[PDB]
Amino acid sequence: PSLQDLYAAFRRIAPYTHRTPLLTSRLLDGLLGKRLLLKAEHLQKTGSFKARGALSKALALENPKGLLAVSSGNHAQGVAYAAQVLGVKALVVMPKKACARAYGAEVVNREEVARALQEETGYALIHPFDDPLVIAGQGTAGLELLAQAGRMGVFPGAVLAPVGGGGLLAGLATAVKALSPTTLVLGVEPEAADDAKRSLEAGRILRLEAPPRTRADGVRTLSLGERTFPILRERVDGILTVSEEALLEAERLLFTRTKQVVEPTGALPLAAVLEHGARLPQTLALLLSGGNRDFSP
């Protein structure tokens, strides 16, 4: 999508989503020797940035009968919420479950199950990342980030976000490069599931043989999407990988220092600073993608 697509997406979803804050922490800054800007999407409607993509697509549909969604978990809640906003029914096909079911969505291998439903109910299928309107929606988070950083008079040398299917990164990259092409846009992946990094270097989409094995449950995707890959090839500077150990440490830091509840895959950007800090610029914007983790006393 283009920059205009992103702005139009912002206009459509603005009244139903939060202008999440760009948090800063002197504690973290001082411990890591960096100037960090934390885009708080864990404070977004439904607990993650996914509400943006789902609403962007749902509100552009002309008189749809209902909404249909694969799974993901976070995307399920996003679609359910959008279903509420439009006042229609939402059917979710999952393999985050209780929450989705809560928003008034009936939850229910994958692909074939959805296909048979899309024809059966006639609802609109909302893909979690391989849809132009969905990508435009996720990207609005990038438009905001720049505006907020601008208001602060702080310009990051790099923007770090997690990558699974690539919807968020593709959207973020489109926003950043259209305004400041010299700003690095970096994706982050668990080292145990680095098909995106390998795909980008080889110029072709490589797929993981089997489900990874990482605590970042939001990016256990087998491969990048067909629509997101070409955008990443053109606008993303690189992809960094992190160990499970560093991811755990990143979560611990957010939890204990900023008192924010961020789910594991939402902590990948911080993990990357922990392991590759010396090779990154001084001022970094981190996309805390979600805060939907289970409670434990």
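The numbering used is simple: start at 1 and walk along the sequence shown.
Student: What does the record say about the segment between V108 and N109: how many deposited residues are without coordinates (none, 1 to 3, 4 to 9, 10 or more)?
Tutor: The entry has 4 to 9 unmodelled residues between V108 and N109.
Student: Hey, how big is the hole between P95 and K96 in terms of deposited residues without coordinates: none, 1 to 3, 4 to 9, or 10 or more?
Tutor: Some 4 to 9 residues are missing between them.
Student: Determine, for stretches 70-78 and 187-195, which one has the higher mean CA B-factor as deposited.
Tutor: Higher of the two, by average CA B-factor, is 70-78.
Student: Highest mean C-alpha temperature factor of the two stretches 117-125 and 211-219, which is it?
Tutor: Of 117-125 and 211-219, the stretch with the higher C-alpha B-factor average is 117-125.
Student: Highest Cα B-factor in the deposition, which of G164, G150, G171, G104?
Tutor: Comparing C-alpha B-factors across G164, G150, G171, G104, the maximum falls on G104.
Student: Among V159, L224, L91, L143, where is the Cα temperature factor highest, going by the PDB entry?
Tutor: The C-alpha B-factor peaks, among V159, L224, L91, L143, at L91.
Student: Against its chain's modelled residues, does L133's Cα B factor rank lowest, middle or highest third?
Tutor: Its C-alpha B-factor belongs to the middle third of this chain's values.
Student: Determine, from the deposited record, the chain-internal third of the Cα B-factor for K39: lowest, middle or highest.
Tutor: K39: CA B-factor falls in the lowest third of its chain.
Student: Ordered by C-alpha B-factor within the chain, which third holds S48? Give me lowest, middle or highest, please.
Tutor: Its C-alpha B-factor belongs to the lowest third of this chain's values.
Student: Lowest, middle or highest third: where is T283 by C-alpha B factor in its chain?
Tutor: Middle third of the chain for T283's C-alpha B-factor.
Student: Once the chain's modelled residues are ordered by C-alpha B factor and cut into thirds, is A178 in the lowest, middle or highest one?
Tutor: As the PDB entry reports it, the C-alpha B-factor of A178 lands in the middle third of its chain.
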